[PDB]
Every structure is written in C-alpha cells, then in structure tokens.
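Structure first, then comments.
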Amino acid sequence: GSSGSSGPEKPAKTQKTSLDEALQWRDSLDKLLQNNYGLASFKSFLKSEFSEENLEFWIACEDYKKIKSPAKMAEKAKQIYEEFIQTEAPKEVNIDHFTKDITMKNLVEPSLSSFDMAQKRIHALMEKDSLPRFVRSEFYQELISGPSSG
C-alpha cells in the first residue's frame with residue numbers, strides 16, 4: 001500500500017500563421033475566421049469598430065450547427081434571433097429586411113441550415129467590409145510584416 005496523488009499538467013506550443021497564409025485571408029474571409037490567429041485578431045478589430053456583432057452571429061451559427069438536441073436545435077434558434085434577428089436588438093447584425101425575414105420563416109422547422117442565409121449574409125459582409133478593412137489596419141501589418149520577413 002502506497003498513498004498517491006495525481007496532478008495537472010502544462011499545455012504546449014506550435015506554429016501560428018505564415019506569410020503565404022495571412023494573404024489567403026484576403027481571398028476568402030473564412031480562411032481568416034477558421035485560423036485561430038487570424039480570428040482572435042479579427043475579433044478585436046471589430047470590437048473597436050463597434051462591429052463585433054457581425055462576427056458574433058457567425059460564431060453562434062456554427063455553435064448551433066453542432067446541436068443534435070431536438071429541443072436546443074429549435075429553442076436555441078429563437079435565442080440567436082431574439083438577440084440579433086430581434087427588433088432593435090443589442091447586437092442586431094447588418095441584414096436587410098430581405099435576409100432578416102428569411103431567418104424568421106426558417107424559425108418554424110429549423111434544424112441545421114436554419115440560419116443558412118443569415119449566416120452567409122453576414123459572412124459576406126465581414127469579408128467585403130471588415131476583412132478588407134482589417135488588412136489595412138495594423139493588426140494585419142503585424143501578421144504579414146511582423147517580426148518575420150515577407
């Protein structure tokens with residue numbers, strides 16, 4: 001018999017982003033969000049431009065797609081709407097009545113692609129609005145013209 005006690009551990013490190021990569025974010029916004037590095041930075045950028053609500057709707061969407069629960073898939077759906085797709089909502093994203101209306105009609109029998117349009121709608125804005133406005137900012141200049149060469 002020997003008394004023993006376990007203990008926690010420490011994480012590790014790894015690459016982040018390369019020059020030939022940072023540029024890939026220019027072509028399609030997705031590449032950016034997908035990349036942990038580009039994403040983290042992308043967010044902050046918005047927070048300053050009071051346009052962080054645009055990304056939020058995106059992150060949530062994905063977090064909703066991975067919803068198997070028969071109640072959550074529906075209930076949760078209304079949540080995102082009452083937050084963004086809600087009248088004068090606090091984070092009401094930028095979506096004309098056209099797209100906005102869509103989601104609503106998709107709140108009846110929502111499953112996974114409930115916010116298919118709304119998602120692609122905002123995503124297309126953060127890629128043609130912020131994306132192009134993020135590269136011009138320093139946050140980007142440091143990603144490509146940082147402590148490394150181009």
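We name chains A, B, ... following the order of the structure tokens; residues begin at 1 in each chain, and ligands are numbered from 1 as shown.
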Give the alpha helix (DSSP H) residues of stretch 22-60 of chain A, as assigned by DSSP on the backbone, as an mmCIF file with C-alpha atoms, in the first residue's frame.
```cif
data_model
loop_
_atom_site.group_PDB
_atom_site.id
_atom_site.type_symbol
_atom_site.label_atom_id
_atom_site.label_comp_id
_atom_site.auth_asym_id
_atom_site.auth_seq_id
_atom_site.Cartn_x
_atom_site.Cartn_y
_atom_site.Cartn_z
ATOM 1 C CA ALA A 22 -2.074 35.716 -43.930
ATOM 2 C CA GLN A 24 -5.077 33.604 -48.037
ATOM 3 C CA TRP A 25 -7.378 35.526 -45.697
ATOM 4 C CA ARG A 26 -7.724 38.252 -48.326
ATOM 5 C CA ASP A 27 -9.274 35.901 -50.885
ATOM 6 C CA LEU A 29 -12.885 35.661 -45.075
ATOM 7 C CA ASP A 30 -13.499 32.067 -43.996
ATOM 8 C CA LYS A 31 -9.779 31.281 -44.088
ATOM 9 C CA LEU A 32 -9.404 34.059 -41.514
ATOM 10 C CA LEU A 33 -12.108 33.007 -39.055
ATOM 11 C CA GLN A 34 -11.002 29.389 -39.438
ATOM 12 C CA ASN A 36 -7.205 30.787 -34.651
ATOM 13 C CA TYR A 37 -4.610 33.532 -35.099
ATOM 14 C CA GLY A 38 -6.497 35.470 -37.756
ATOM 15 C CA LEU A 39 -9.758 35.014 -35.866
ATOM 16 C CA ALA A 40 -8.543 36.239 -32.478
ATOM 17 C CA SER A 41 -7.131 39.348 -34.156
ATOM 18 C CA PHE A 42 -10.123 39.750 -36.471
ATOM 19 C CA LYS A 43 -12.431 39.932 -33.452
ATOM 20 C CA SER A 44 -10.552 42.695 -31.634
ATOM 21 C CA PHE A 45 -10.606 44.720 -34.853
ATOM 22 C CA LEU A 46 -14.409 44.660 -34.842
ATOM 23 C CA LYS A 47 -14.733 45.378 -31.121
ATOM 24 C CA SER A 48 -13.063 48.699 -31.926
ATOM 25 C CA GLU A 52 -18.179 42.843 -33.255
ATOM 26 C CA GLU A 53 -21.852 41.896 -33.526
ATOM 27 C CA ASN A 54 -21.199 40.847 -37.125
ATOM 28 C CA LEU A 55 -18.794 38.073 -36.127
ATOM 29 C CA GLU A 56 -20.848 37.034 -33.100
ATOM 30 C CA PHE A 57 -23.788 35.974 -35.268
ATOM 31 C CA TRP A 58 -21.271 33.859 -37.182
ATOM 32 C CA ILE A 59 -19.625 32.087 -34.248
ATOM 33 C CA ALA A 60 -23.047 31.338 -32.767
#
```
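Nearest-residue note for residue A:141: choosing from A:110, A:19, A:61, A:127, the minimum distance belongs to A:19, counting only C-alpha atoms.
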So which residues touch stretch 114-122 of chain A within 10 Å, counting only C-alpha atoms, skipping near sequence neighbours fewer than 6 positions away, as a PyMOL selection string?
chain A and resi 53-62+64-65+73-74+77+80-81+85+93-96+98-108+128-129
Let me see the file: selected residues, N, CA and C atoms, as a compact mmCIF listing (two decimals), in the first residue's frame.
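This went into out02.txt:
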```txt
# COMPACT_ATOMS: atom_id res chain seq x y z
N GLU A 53 -20.59 42.61 -33.44
CA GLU A 53 -21.85 41.90 -33.53
C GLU A 53 -21.94 41.09 -34.82
N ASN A 54 -21.21 41.53 -35.84
CA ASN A 54 -21.20 40.85 -37.12
C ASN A 54 -20.60 39.45 -37.00
N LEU A 55 -19.46 39.35 -36.32
CA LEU A 55 -18.79 38.07 -36.13
C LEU A 55 -19.59 37.18 -35.17
N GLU A 56 -20.07 37.77 -34.09
CA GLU A 56 -20.85 37.03 -33.10
C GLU A 56 -21.87 36.13 -33.78
N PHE A 57 -22.76 36.73 -34.56
CA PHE A 57 -23.79 35.97 -35.27
C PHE A 57 -23.18 34.77 -35.99
N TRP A 58 -21.96 34.93 -36.47
CA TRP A 58 -21.27 33.86 -37.18
C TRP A 58 -20.88 32.74 -36.23
N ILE A 59 -20.07 33.07 -35.23
CA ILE A 59 -19.63 32.09 -34.25
C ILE A 59 -20.80 31.28 -33.70
N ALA A 60 -21.86 31.99 -33.30
CA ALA A 60 -23.05 31.34 -32.77
C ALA A 60 -23.62 30.33 -33.76
N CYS A 61 -23.76 30.76 -35.01
CA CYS A 61 -24.30 29.90 -36.06
C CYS A 61 -23.64 28.53 -36.02
N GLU A 62 -22.32 28.51 -36.13
CA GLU A 62 -21.57 27.26 -36.11
C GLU A 62 -21.86 26.47 -34.84
N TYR A 64 -24.38 26.37 -33.32
CA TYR A 64 -25.76 25.88 -33.40
C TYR A 64 -25.85 24.67 -34.32
N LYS A 65 -25.01 24.64 -35.34
CA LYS A 65 -24.99 23.54 -36.29
C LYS A 65 -24.63 22.23 -35.60
N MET A 73 -31.90 22.62 -30.87
CA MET A 73 -31.88 22.98 -32.28
C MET A 73 -32.95 24.03 -32.59
N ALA A 74 -34.10 23.90 -31.94
CA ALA A 74 -35.20 24.83 -32.14
C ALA A 74 -35.11 26.00 -31.16
N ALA A 77 -32.30 28.30 -31.67
CA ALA A 77 -32.54 29.09 -32.87
C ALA A 77 -33.21 30.42 -32.52
N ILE A 80 -30.78 33.07 -30.82
CA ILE A 80 -29.94 33.85 -31.73
C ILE A 80 -30.75 34.94 -32.41
N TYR A 81 -32.03 34.65 -32.67
CA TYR A 81 -32.91 35.61 -33.33
C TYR A 81 -33.30 36.73 -32.37
N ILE A 85 -31.45 38.75 -34.66
CA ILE A 85 -32.62 38.88 -35.52
C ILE A 85 -33.81 39.44 -34.75
N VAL A 93 -27.25 42.37 -36.06
CA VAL A 93 -26.29 42.43 -37.15
C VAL A 93 -26.83 43.23 -38.32
N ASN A 94 -26.01 43.39 -39.36
CA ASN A 94 -26.41 44.14 -40.54
C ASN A 94 -27.03 43.22 -41.58
N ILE A 95 -28.36 43.15 -41.59
CA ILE A 95 -29.08 42.31 -42.54
C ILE A 95 -30.39 42.96 -42.97
N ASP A 96 -30.46 43.34 -44.24
CA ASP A 96 -31.66 43.97 -44.79
C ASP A 96 -32.90 43.14 -44.47
N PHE A 98 -34.84 41.75 -46.33
CA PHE A 98 -34.85 40.57 -47.18
C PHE A 98 -34.34 39.35 -46.41
N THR A 99 -33.03 39.34 -46.15
CA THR A 99 -32.41 38.23 -45.42
C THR A 99 -33.04 38.06 -44.05
N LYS A 100 -33.17 39.16 -43.32
CA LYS A 100 -33.76 39.13 -41.98
C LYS A 100 -35.05 38.32 -41.97
N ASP A 101 -35.95 38.64 -42.88
CA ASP A 101 -37.23 37.94 -42.98
C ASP A 101 -37.01 36.44 -43.15
N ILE A 102 -36.11 36.08 -44.06
CA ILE A 102 -35.81 34.68 -44.32
C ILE A 102 -35.69 33.89 -43.02
N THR A 103 -34.66 34.21 -42.23
CA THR A 103 -34.43 33.54 -40.96
C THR A 103 -35.75 33.28 -40.23
N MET A 104 -36.53 34.34 -40.05
CA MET A 104 -37.81 34.23 -39.36
C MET A 104 -38.61 33.04 -39.89
N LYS A 105 -38.85 33.02 -41.19
CA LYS A 105 -39.60 31.94 -41.82
C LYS A 105 -38.89 30.60 -41.62
N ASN A 106 -37.60 30.66 -41.30
CA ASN A 106 -36.82 29.45 -41.08
C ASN A 106 -36.82 29.07 -39.60
N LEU A 107 -37.60 29.79 -38.81
CA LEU A 107 -37.69 29.52 -37.37
C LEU A 107 -38.84 28.55 -37.07
N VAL A 108 -39.57 28.16 -38.11
CA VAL A 108 -40.68 27.24 -37.96
C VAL A 108 -40.19 25.81 -37.81
N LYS A 128 -16.28 41.44 -47.06
CA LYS A 128 -16.20 42.53 -48.03
C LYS A 128 -16.25 43.88 -47.33
N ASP A 129 -16.43 43.86 -46.01
CA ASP A 129 -16.49 45.08 -45.23
C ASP A 129 -15.33 45.15 -44.24
```
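For the set A:2, A:147, A:92, A:111, the residue with the smallest atom-to-atom gap to residue A:75 is A:111, counting only C-alpha atoms.
A straight line drawn from atom CA of residue A:112 to atom CA of residue A:76 is 11.1 Å long.
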